[PDB]
């Protein structure tokens, strides 16, 4: 696993997120659920908890964007870069953006929103790309029919626990 330079990380255990805009690709409730599910992945293996805001600045601002969108890194059209997220800190830090020139889906027929969301929130929490091919934090996406049996890899757990530790409610093997 790998972190960003200086290992920036949230100094709070409860983070807020806000879904700022919605893609034409899915019904609004489907976007919400993949985001909820994506956050739940990280919540299960650390002390971190998450609540949603319907207004104001949330730690993790989530949006869909096409090409130039007000930050330093314009998206790039269909394919290639799928999304990007910023390491922990104030403002644009912690936020995640999703390229709408991608067809976001609830299954693997397009680009699975849950999977990309879980991988991006991984950056939002301070994990950089993993070299481990089995990790969620691996820089390359792959269509995996298996969304019902999704499991964080041990490399991921290790990387996120090195930052925040395990859940206070769980035993350690």
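Positions refer to the first chain, counted from 1.
When the C-alpha B-factors of 115-123 and 40-48 are averaged, 40-48 comes out higher.
As listed in the deposited structure, the average C-alpha B-factor of 24-32 and of 49-57 is greater for 49-57. Going by the entry's values, 144 shows the largest Cα B-factor out of 144, 136, 65, 62. In this PDB entry, the Cα temperature factor of residue 78 sits in the top third of its chain's modelled residues, the highest group. In this PDB entry, the Cα temperature factor of residue 168 sits in the top third of its chain's modelled residues, the highest group. Residue-level temperature factors show residue 152 in the highest third of its chain, judged at the C-alpha atom.
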